[PDB]
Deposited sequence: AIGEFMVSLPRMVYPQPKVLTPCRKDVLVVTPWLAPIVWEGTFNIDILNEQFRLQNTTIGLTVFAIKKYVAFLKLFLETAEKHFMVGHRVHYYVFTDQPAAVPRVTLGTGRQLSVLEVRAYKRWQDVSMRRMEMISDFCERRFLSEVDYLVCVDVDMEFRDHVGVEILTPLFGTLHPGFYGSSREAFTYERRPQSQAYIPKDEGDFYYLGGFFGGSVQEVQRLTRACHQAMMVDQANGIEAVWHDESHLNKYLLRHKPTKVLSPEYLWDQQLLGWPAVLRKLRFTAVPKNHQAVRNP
């Protein structure tokens, strides 16, 4: 459907949006930084499609204690205005806190195909986190990864990829675009299921061969995103640790952060 009339600042062809950072990958995927997007335009596009976003978290054992702050802050910052379905995977269904949700937002508790019928996009994150600023439809795309906040300025030789050729997650020293985080990725339901299927299969082959990748699921994620380039990449605004890394000039917003 057509966008409505909208009044906003004209984009300037001869003024870059950011001169301090890379805003597009060599495969022409945007790298999402503050200042690259007009959220009013994007909200319109995604609302006109009545987009539903699934947000998945695993909260096992002691980690169920992090759900309250996670969900409360998500209510304030994650996809506000859009349909959201939270999926909490937990071994303790009765310990899930009763958090008040905005309209159009729901939570399912899954004790430890349906995703295809219930949501358009899946976003997969860690529970021991909090939202501190806007995380919205600017991230949505067929497949996205997030730049690890400890490695975004590193050479590829310094990336902590799996370096043993015996592992399915093996990446040699001369290969690699970025170091993506295991704790924040997503995409269309189809692409996320493809990713998780590929990673599960690679992990089985490694297990059969007596090897475990150096950073586990993150190592396999990195191999997958090397071979299947993400259609957007999120900047470290989208997963930061202020205690460990401070607040550099390059970060105009800290959107989603570690909870000590």
*Ranges missing from the model, given as deposited sequence positions*: 1 to 6, 119 to 140, 289 to 297
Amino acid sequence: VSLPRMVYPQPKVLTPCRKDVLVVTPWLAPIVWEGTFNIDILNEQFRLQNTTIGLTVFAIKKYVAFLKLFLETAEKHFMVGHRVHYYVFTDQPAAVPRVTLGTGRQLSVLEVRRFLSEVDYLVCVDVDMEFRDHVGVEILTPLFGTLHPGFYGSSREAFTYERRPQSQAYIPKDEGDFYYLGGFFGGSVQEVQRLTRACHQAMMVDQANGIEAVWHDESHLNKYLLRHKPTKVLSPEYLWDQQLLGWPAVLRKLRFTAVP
From here on, numbers count along this sequence of modelled residues.
*Comparing 36 to 44 with 62 to 70, the one whose average Cα B-factor in the PDB entry is higher*: 62 to 70
*Averaging C-alpha B-factors over each stretch, which comes out higher, 215 to 223 or 26 to 34?*
215 to 223
*When you compare the CA B-factors of 80, 124, 112, 140 as listed in the entry, which one comes out on top?*
112
*Out of 190, 103, 108, 117, which shows the largest CA B-factor listed in the entry?*
117
*Which third of the chain holds residue 253 when residues are ordered by C-alpha B factor: lowest, middle or highest?*
middle
*Consider only the C-alpha atoms of the modelled residues in this chain, order them by B-factor as the entry records it, and name the third containing residue 130: lowest, middle or highest.*
middle
_residue 186, C-alpha B-factor rank within chain (lowest, middle or highest third)_ = lowest
*Pull the Cα B-factor of residue 247 out of the PDB entry and bin it into the chain's lowest, middle or highest third.*
highest
*asked:* Please say which third, lowest, middle or highest, residue 158 falls into when its CA temperature factor is compared across its chain.
replied: highest
